[PDB]
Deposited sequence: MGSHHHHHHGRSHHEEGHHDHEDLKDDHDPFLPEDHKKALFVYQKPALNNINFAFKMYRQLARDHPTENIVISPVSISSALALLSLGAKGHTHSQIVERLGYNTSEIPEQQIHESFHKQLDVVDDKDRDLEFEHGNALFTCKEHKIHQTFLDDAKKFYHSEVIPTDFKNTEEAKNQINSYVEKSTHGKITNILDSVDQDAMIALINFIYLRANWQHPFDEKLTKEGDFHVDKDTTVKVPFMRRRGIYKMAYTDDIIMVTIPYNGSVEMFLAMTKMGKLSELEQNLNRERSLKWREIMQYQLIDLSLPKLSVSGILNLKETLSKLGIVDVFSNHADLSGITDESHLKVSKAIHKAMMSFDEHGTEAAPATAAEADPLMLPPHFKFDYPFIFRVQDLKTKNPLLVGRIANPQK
């Protein structure tokens, strides 16, 4: 052992970690995210998609607190929960914990979230629903007058503006004068890179919207070690944020993204997780500020959640109005990419440039819940 060094000086950093342990609520929310995104990707073929699956699941679980009978059990089941395995109050506790761990400010996270139910002023909301909506979901039930449509538009939008600190200024264009309950759910996420980008290295480049459409956007560029994988047909990278959150990105050749989106599930995700390795790469990301607005009635109905939006909804846990139903259900999510949320290598590293339509997934590493997923089809909205 006449070795020049007592340890191999070329060996890269060790990156082993313990096995990801999952709680059953997180697994249900993860599988619901896949189911919902695949359908959304079918129904909106060309646009940007930005949704928070855990926040949609949370809003419906809150709605189930005010539901009874088949209306209640259908929501719980279609969210992926089996009440023969999980007591119902552990579901509400799990969504409560997710709010607390994200709102923990010793955690460095720029994740603003909000959920509110706007109801008719002339009807009294049950106190037990008011109590649990505030306790478990930090959600307000706000009286409104929908017969005067224009004040509700300004009021709902101003509420969203206030709770997002002006980041989401508009969520509702108009509301029917016969509305009973309006579910309003919104998310803003700014990527707070664990390793920020240098603004000096940001350059304008081509983003290819489709086989014949190209737009000019600023591209951030950084050289570093990232967990990655690539073939001739796909590249994928995991980018850590601060505060125990990681963003996964995947990109295919032009026009093949749909083939990827319609094949996503957890089992295939875990297989790719084992293939990916930490490698030195050049990473190019478009500067970006993209929005997605979701009509939750049409989307959730295709997923089997129908009663709560129907003329036979049993929402007597909220109010004793005869035919109370959720008339409007909106989910708006915003995501922003900016810069701040050395000798030459022997070989030029592979350049992971995301200048083609790509999909993204933001995951809370403490809970494993999907905080945000979607598709960047055009970083210019």
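Undergrad: Write out the missing regions of the deposited sequence in sequence order, one range per stretch.
TA: 1-21, 363-371 are the stretches of the deposited chain that have no C-alpha coordinates in the structure.
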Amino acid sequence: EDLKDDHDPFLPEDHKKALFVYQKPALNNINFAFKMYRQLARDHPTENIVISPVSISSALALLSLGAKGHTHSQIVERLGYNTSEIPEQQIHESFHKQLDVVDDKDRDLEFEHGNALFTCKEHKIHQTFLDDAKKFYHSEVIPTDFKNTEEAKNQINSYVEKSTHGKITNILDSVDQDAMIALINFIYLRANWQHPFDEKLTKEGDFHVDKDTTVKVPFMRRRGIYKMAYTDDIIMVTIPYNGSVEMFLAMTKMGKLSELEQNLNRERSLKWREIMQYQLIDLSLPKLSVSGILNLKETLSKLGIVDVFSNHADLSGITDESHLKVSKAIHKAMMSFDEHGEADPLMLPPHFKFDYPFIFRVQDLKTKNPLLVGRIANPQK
From here on, numbers count along this sequence of modelled residues.
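Undergrad: Report the stretch with the higher mean CA temperature factor, choosing between 207-215 and 141-149 on the basis of the entry.
TA: The entry gives the higher C-alpha B-factor average to 141-149.
Undergrad: Mean CA B-factor: is it higher for 268-276 or for 157-165?
TA: Averaged over C-alpha atoms, the B-factors run higher in 157-165.
Undergrad: Highest CA temperature factor in the entry: which of 24, 368, 361, 17?
TA: Comparing C-alpha B-factors across 24, 368, 361, 17, the top value belongs to 17.
Undergrad: Can you pull the Cα B-factors for 300, 250, 172, 239 from the entry and say which is highest?
TA: Max CA B-factor in the entry, restricted to 300, 250, 172, 239: 172.
Undergrad: For residue 309, return the chain-relative third of its C-alpha B-factor as stated in the PDB record: lowest, middle or highest.
TA: It belongs to the middle third of the chain when residues are ordered by C-alpha B-factor.
Undergrad: Would the CA B-factor of residue 351 place it in the lowest, middle or highest third of its chain?
TA: Its C-alpha B-factor belongs to the lowest third of this chain's values.
Undergrad: Relative to the other modelled residues in the chain, which third contains the C-alpha temperature factor of residue 65: lowest, middle or highest?
TA: Middle third.
Undergrad: Ranking the modelled residues of this chain by C-alpha B-factor as given in the entry, is residue 375 in the lowest, middle or highest third?
TA: Lowest third, going by the recorded CA B-factors of the chain.
Undergrad: Is residue 222 in the lowest, middle or highest third of its chain when residues are ranked by C-alpha B-factor?
TA: Lowest third - that is where residue 222 ends up once the chain's C-alpha B-factors are sorted.
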